[PDB]
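The chain contents come next:
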Amino acid sequence: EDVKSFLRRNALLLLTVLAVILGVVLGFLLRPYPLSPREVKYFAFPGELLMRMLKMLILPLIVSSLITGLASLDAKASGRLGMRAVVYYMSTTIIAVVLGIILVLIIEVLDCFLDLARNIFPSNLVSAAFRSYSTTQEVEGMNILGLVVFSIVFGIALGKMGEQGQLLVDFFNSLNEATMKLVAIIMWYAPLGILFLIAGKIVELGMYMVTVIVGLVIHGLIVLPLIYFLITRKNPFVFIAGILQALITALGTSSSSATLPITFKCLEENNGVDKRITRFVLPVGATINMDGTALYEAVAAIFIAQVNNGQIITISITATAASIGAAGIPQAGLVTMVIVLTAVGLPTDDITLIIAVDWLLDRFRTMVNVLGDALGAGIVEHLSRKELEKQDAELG
Amino acid sequence: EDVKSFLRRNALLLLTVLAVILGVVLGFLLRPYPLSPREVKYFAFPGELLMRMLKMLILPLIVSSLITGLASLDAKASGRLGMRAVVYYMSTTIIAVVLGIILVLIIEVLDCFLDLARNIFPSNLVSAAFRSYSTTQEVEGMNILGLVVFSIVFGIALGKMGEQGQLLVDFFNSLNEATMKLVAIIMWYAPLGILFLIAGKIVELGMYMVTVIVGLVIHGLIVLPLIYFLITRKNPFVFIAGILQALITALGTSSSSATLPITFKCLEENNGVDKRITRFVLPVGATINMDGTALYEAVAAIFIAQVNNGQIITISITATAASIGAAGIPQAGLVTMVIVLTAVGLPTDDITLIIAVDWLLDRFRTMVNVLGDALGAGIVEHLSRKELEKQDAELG
Amino acid sequence: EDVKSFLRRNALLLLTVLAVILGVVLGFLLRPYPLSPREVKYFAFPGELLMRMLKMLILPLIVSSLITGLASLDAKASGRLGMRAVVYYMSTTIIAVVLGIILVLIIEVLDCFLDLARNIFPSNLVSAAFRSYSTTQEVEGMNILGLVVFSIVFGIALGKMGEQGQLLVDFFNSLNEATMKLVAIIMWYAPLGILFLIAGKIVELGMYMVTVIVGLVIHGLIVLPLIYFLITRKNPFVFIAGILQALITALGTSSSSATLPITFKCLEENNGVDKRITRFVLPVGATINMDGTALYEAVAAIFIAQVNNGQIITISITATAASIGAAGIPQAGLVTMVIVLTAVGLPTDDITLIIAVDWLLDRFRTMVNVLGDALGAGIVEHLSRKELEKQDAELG
Ligand SMILES: N[C@@H](CC(=O)O)C(=O)O
Ligand SMILES: N[C@@H](CC(=O)O)C(=O)O
Ligand SMILES: N[C@@H](CC(=O)O)C(=O)O
Ligand code: NA
Ligand code: NA
Ligand code: NA
């Protein structure tokens, strides 16, 4: 009887679920036909248009979110909110790497460190907005990390100054809300885009793919929800229902940085999470908090060691280190595996074998990477209760 | 007796007319001499300096004009102003294509649609400001269309929010006026630049060139002025005298997007047109309203059919479609002719024959493209009388 | 007895002096070892990280400084402050070229003028922030001159408008202070960076190197200090002690444009110089006022003439002209020597011989280039006394 009101209310959520169900059907139907690379690009195009729309809003989001996020909070309160986030991030990326290692047991690398260091401190801000550094020397594609860093320091700087800083805070606050109004339009195209984005990909190792997928279920649907209930004492699967549009889009894009604007609209609107805490937890979580990637890094390094064959402590240290370094971009998990392979001693040429089934694992690990930030905000919000209480009463 | 006051008042206008008269003389004098490509570039340089100055101001103009233009107007009033503009644009591009077809009778193409679609939704705003998409994949040169789209949606978003949006409206209003103060300095260099810009070009098919030029006179000096008198009931050749500096510069540059800042100063200062309506009509008209290009597209497709040899309805549909797609950049008419040739069935390799005389036709068709936007603003302003009456009295 | 308080107070200044002393020691110790180019890059990396941090802040500094600098001053007062600066700049670059010529006596070039002219008027502002023009055609690296020009005109434009302009002035004032708060963090990394930046360079003509170095001492420590005492009637070597951190960093970077944010913090904090005058004198001085380069240009053109062999007036005219054209970037002195060699008649291929010892002379000539701007601000501030008196009392 009550399923009619469920169809009327969850209309946009159900259309995106149907987009996955019908998108998988469409792809397998069109798969036997001539798989021409130019034709595959044309077929997947309605999914490419959604990707462009989402990519567009990440820069005015990341920048405006952290500048207001850190300036709208008290001096030490900004540090406390950050400490809570960092403590949460490093523990979750440690639980996933430990859970990942146990499961797999049952079933130019210096240039990487330098390029990362170079990107933390960009030589040009206008460049940083569309270019990243990759020594061969500046490859195309936004330097998210470099902008996240600069925005954090810039936010602190406006917080340091008085009413002079207030103008820019108000400027960046108006710019945040305006781009957030645009992600409402992006959300309506999402059912159409998600269909073609996943149909195109399913158009384009046995135990391994299983170990990772099952490993992500134990972490994502059993480990992380328990952490939320242990801190907030609220039902985590009702919270996951709010951010469900953000997970379905993370499956489609396979880029947590690309689905960041929808996770903002899901945490801010569908759930009762504060903007003052989502403006910090979500942009930082999108680039450093990667639980799904950390689990994948550990399993994939030991899976190649199952064929090639005590020092799993270095693997747990570097797989958690690779999870931080890795980009909120798709296929970033296989390129950062160079660090975890060279550390143990295994050859980096073995990534080639995994590359084939990587695409599908990437879609699921992105969903767990997003989920960690989403449940993260809810955890940090509840913990930073008095900080938000002091800021609300102050205005009165 | 009264010609002395005419020389004192119209000093800058007369210097730009003299720039064309003396510029044509200078070019034909220097034409027999060694036409070295490096030497031609050096000779035309004072014209290249004007081009850089004008190109510079288009980005802070297009962006600041539409953001304030759509936010400073009421919800449905913004839609009404737009409806009036769109109705005016599509009818004028239909009259020109019909007039063009009658006169000529008397005397990778999917990748184009995809690249256009890609550009309507840019993946990066900082990139969009100096790069356009052109699959082979991101060519240099501003994505005007992508910025016009985003600015329109961003304007609407600030209009949607209340007083929070007002700060950014005021910010973008100050930024519009400041760049408009700079186009006053650009206007003084214009007589010097226009001389060398046209002298250099005249230094660098019989019936065809005539059909187009005569076709643009019937449309520009007889069709469009009659439309203005039919709606406003005001003398159109006194209005054309106000925007006369913008037409002379359109002849020189051959880029309606480049002469957009001067058409703003001509419509806002020389004529009594409202900023609230020029901020929408002029930037949108510069990229989609191309009457001179639509007339050219129809004549050039049938001129090649006069040699190569019922279905002129597809030509009228795609030539009007090419007019929208075409860029406010020079030589954009010959590249968009691919769409109108493939639609009818004629070969795209026939554009090569036309390319020679194209340059001079481009200068005249740009003047008609600008004229359509200029007389367009005057037409839409007069029609949207009550909308501006309600906004003025509200402030009181 | 008083040396203990001298160590406590001048802690950051002494750490940067020690950075040079220990940096020269470190380099000569590591010099005999395999000098691999990839290894040299890795070794110098902590110096490369400082360079990125400093480069980062130049764009939001140059732009925000001149826009507020010229808008916060009266119409003719802006012209007077400028006249004082221009008169000071051209006389100092004339004294250095005269002093340089006397000492050396005792002991595609049109494309350069066009590229400079092109860069004074950039075709795109977003591009200008990370790209310069260099015909072969748009090379990577910020167009400082093009941004300095545009910012000056934009500042004047906000000054021209009333309270409408005030919002953007306040916006650019908040943006200036916020980036100036960031150069405090950059200053703490500077001792670590300066050590590796100079150690790496000392790891990588007899009379000539001496003539230039001795020539810079006569100008920098005898000519320029006397000018300050002659105008301000204040001790110049107490003023040099304030901007001493900016000189030590100019030695390290060899780029006056890169050390511009630290010279701002030195003149604004360590010395009692007004922001209203440093916001104009320092960014303009960084690109056009190059006393150390002008002295170098004259000596290097006549040193090649000492080997290869009345018309030294053209050398003094073009060496002062090259000093203006030259970039606040390292090794910009040898590339601009093409202008001064072609003018006299000497071959440009002779720059190859000088290139070897150029690096060390560049570090010293940058220190004199910075010093001229630093003592320049102090000279112009004292001269524009009443202008600042009228602006202060007005607010009361
Ligand atoms: N796709 C992941 C990163 C990766 O593991 O490739 C993300 O966007 O978070
Ligand atoms: N030159 C025209 C476009 C074209 O037809 O090439 C304009 O700028 O409007
Ligand atoms: N290095 C100098 C320029 C040069 O002479 O190379 C400066 O930055 O001012
Ligand atoms: Na990460
Ligand atoms: Na068009
Ligand atoms: Na200079």
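Residues numbered from 1 in each chain as written, not as in the entry; some residues may be left out. Chains lettered and ligands numbered in written order. Heavy atoms only, no water.

For this deposition, the record names X-ray crystallography as the technique by which the model was determined and cites 3.32 Å as its resolution.

Caption draft 1: Quick look at the overall build of chain A. The helix and strand inventory of chain A stands at 19 helices and 0 strands. Scaling as 2.2 N^0.38, a compact globule of 396 residues should have a C-alpha radius of gyration of about 21 Å, and chain A matches this with 21 Å. Taking the principal axes of its C-alpha atoms as reference, chain A extends roughly 65 × 55 × 45 Å. Considering chain A as a whole, with its 396 residues, one finds that 58% of them fall into the buried category. (Helix = DSSP H or I, 4+ residues; strand = E, 2+ residues; numbered from the N terminus. Rg over C-alpha atoms; globule rule 2.2 N^0.38 Å. Buried < 20%, exposed > 50% of the residue type's maximum accessible area, 1.4 Å probe, protein only.)

Caption draft 2: Layout of the coordination of the sodium ion (ligand 5). Protein coordination at the sodium ion (ligand 5): the donors are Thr287(B) (O), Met290(B) (SD), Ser323(B) (O), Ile324(B) (O) and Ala326(B) (O), at 2.2 to 3.0 Å from the metal. Accessibility classification places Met290(B) together with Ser323(B) in one group, the buried group. (Donors = N, O, S within 2.8 Å, 3.2 Å for Na, K, Ca; no water.)

Caption draft 3: Summary view of the coordination of the sodium ion (ligand 6). Coordination of the sodium ion (ligand 6) by the protein involves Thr287(C) (O), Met290(C) (SD), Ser323(C) (O), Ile324(C) (O) and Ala326(C) (O), with metal-donor separations of 2.2 to 3.0 Å. When its relative accessible area of 0% is taken as the criterion, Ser323(C) is described as buried.

Caption draft 4: A look at the relation of the copies chain A and chain C. The operation relating chain A to chain C is a screw motion whose rotation component is 120°, with 0.0 Å of axial translation and a residual RMSD of 0.0 Å. The symmetry that links the two subunits is that of a three-fold axis. Minimal C-alpha separation from the rotation axis in chain A is found for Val126(A), amounting to 4.1 Å. Mapped onto chain C, only 17% of the interface residues of chain A again fall at the interface, so the copies present different surfaces. (Least-squares fit on C-alpha atoms. Contact = heavy atoms within 4.5 Å.)

Caption draft 5: Region of interest: the site of ligand 1. Residues and elements named next belong to chain A. As a structural note, the neighbourhood of ligand 1 is formed by 14 residues, with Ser254, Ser256, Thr293, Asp362 and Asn369 the closest of them. One of the side-chain nitrogen or oxygen atoms of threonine 366 is found 2.8 Å away from a nitrogen atom of ligand 1. Within the side chain of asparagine 369, one N or O atom sits 2.8 Å away from an oxygen atom of ligand 1. Protein contacts shield 100% of the accessible area of ligand 1, which totals 270 Å² for the unbound molecule. Counting residues per element, the shell around ligand 1 draws most heavily on helix α18 (residues 351-383), at 4 residues. (Near = heavy atom within 4 Å. Polar contact = N/O pair within 3.5 Å; in protein donor to acceptor, adjacent residues only side chain to side chain. Areas by Shrake-Rupley, 256 points an atom, 1.4 Å probe, with all protein chains shown as cover.)

Caption draft 6: Layout of the site of ligand 3. Residue and element names in this part refer to chain C. Around ligand 3, 14 residues are found, and the nearest of them are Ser254, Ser256, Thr293, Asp362 and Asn369. Contact between ligand 3 and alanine 332: an oxygen atom at 2.9 Å from a main-chain N or O atom of the residue. A distance of 2.8 Å separates a nitrogen atom of ligand 3 from a polar atom in the side chain of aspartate 362. Here ligand 3 loses 100% of its free accessible area of 280 Å² to cover by the protein chains. When residues of the shell around ligand 3 are traced back to their parent elements, those giving at least two are α16 (332-335) and α18 (351-383). Here the element with the most residues in the shell around ligand 3 is α18; it accounts for 4 residues.

Caption draft 7: How the structure looks around unusual backbone geometry. Residues and elements named next belong to chain B. Backbone geometry places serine 254, a non-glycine residue, at a positive phi of 70°. Assignment of secondary structure puts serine 254 in the loop between α11 (244-253) and α12 (260-270). Assessed through its relative accessible area of 1%, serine 254 is described here as buried. You will see that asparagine 309, though not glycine, has its phi angle at about 55°, which is positive. Looking at the element boundaries, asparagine 309 is found in the loop between α14 (291-308) and α15 (312-325).

Caption draft 8: Seen up close, the relation of the copies chain B and chain A. Note on the copies: chain B fits chain A at an RMSD of 0.0 Å, the axial shift is 0.0 Å, and the rotation between them is 120°. A low fraction, 17%, of the interface residues of chain B reappear at the interface in chain A, so the copies pair through non-equivalent surfaces.

Caption draft 9: Focus on the interface of chain A and chain C. If you look at the interface, chain A gives 29 residues, while chain C gives 28 residues. Together chain A and chain C conceal approximately 2,600 Å² of surface at their shared face, both sides included; 71% is due to carbon and sulfur atoms. Inspection of the region where chain A meets chain C yields 4 salt bridges. Its salt-bridge partner being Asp111(A), residue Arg38(C) comes within 2.8 Å of it at the nearest N-O pair. Remark: the boundary between chain A and chain C carries 10 residue pairs in polar contact. Of all the secondary-structure elements, those providing two or more residues to the side of chain A that touches chain C are α5 (109-120), α6 (125-128), α7 (144-160) and α8 (163-201) of chain A. (Buried area = accessible area lost by both parts, 1.4 Å probe. Salt bridge = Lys/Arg side-chain N within 4 Å of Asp/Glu carboxyl O.)

Caption draft 10: Summary view of the side chain of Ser123(B). Looking at where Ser123(B) falls in the secondary structure, it is placed in the loop between α5 (109-120) and α6 (125-128). Look at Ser123(B) and you get buried, because its relative accessible area is 13%. Engagement of the side chain of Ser123(B) in a polar contact is seen with the side chain of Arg52(A), the distance being 3.1 Å. Look past the residues within four positions of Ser123(B) in its chain and what remains in contact with it is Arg52(A), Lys55(A), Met56(A) and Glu138(B).

Caption draft 11: Spatial organisation of the nonpolar core. With 336 residues, the main nonpolar core has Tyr208(A), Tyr208(B) and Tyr208(C) as its most contacted residues. Once you skip the residues sitting within four places of it in the chain, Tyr208(A) turns out to touch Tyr296(A), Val299(A), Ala300(A), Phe303(A), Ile354(A), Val357(A) and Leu361(A). (Core = buried A, V, L, I, M, F, W, Y, C linked by side-chain atoms within 4.5 Å.)

Caption draft 12: Spotlight on the pattern of salt bridges. Applying the stated rule across the entire model yields 48 salt bridges over all chains. Of the charged contacts in the structure, one is a salt bridge between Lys275(C) and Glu177(C), with a shortest N-O distance of 3.9 Å. For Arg276(C), the salt bridge is made with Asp392(C), and the minimal N-O distance between the two is 2.8 Å. Shared partners join several salt bridges into a network, and the residues in it are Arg131(A), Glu140(A), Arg131(B), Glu140(B), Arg131(C) and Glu140(C).

Caption draft 13: Examining the UniProt feature "binding site: Na(+) 1" in chain A more closely. All names here are of chain A. In the numbering used here, UniProt assigns the "binding site: Na(+) 1" feature to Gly285, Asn289, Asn369 and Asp373. Its location among the elements puts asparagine 369 in helix α18. Looking at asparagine 369, the relative accessible area reads 4%, which means it is buried. Setting aside chain neighbours within four positions, we find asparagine 369 in contact with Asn289, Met290, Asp291, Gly292 and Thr293. Among the polar contacts listed, one links the side chain of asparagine 369 to the backbone nitrogen of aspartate 291, at a separation of 3.4 Å. A relative accessible area of 3% places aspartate 373 in the buried class. Ignoring anything within four residues of it in the chain, the contact list for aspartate 373 reads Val281, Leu282, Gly285, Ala286 and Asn289. (UniProt positions renumbered as here; feature names shortened; annotations may be inferred.)

Caption draft 14: Seen up close, the packing of aromatic side chains. Counted according to the given criterion, the structure contains 27 aromatic pairs over all chains. Centre to centre, the rings of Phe150(A) and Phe154(A) are 5.5 Å apart; their planes meet at 35°, and the pair counts as tilted. Here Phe154(A) and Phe150(A) lie together in helix α7, a separation of 4 residues that amounts to about one turn. Consider the rings of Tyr208(B) and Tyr296(B), whose centres lie 6.5 Å apart with planes at 50°: the pair is tilted. Here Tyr296(B) lies in helix α14 and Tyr208(B) lies in helix α9 (residues 206-231), a separation of 88 residues in the sequence. Just as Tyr208(B) is buried, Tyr296(B) falls in that class too. (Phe/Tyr/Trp six-rings, centres within 6.5 Å; stacked < 30°, edge-to-face > 60°.)

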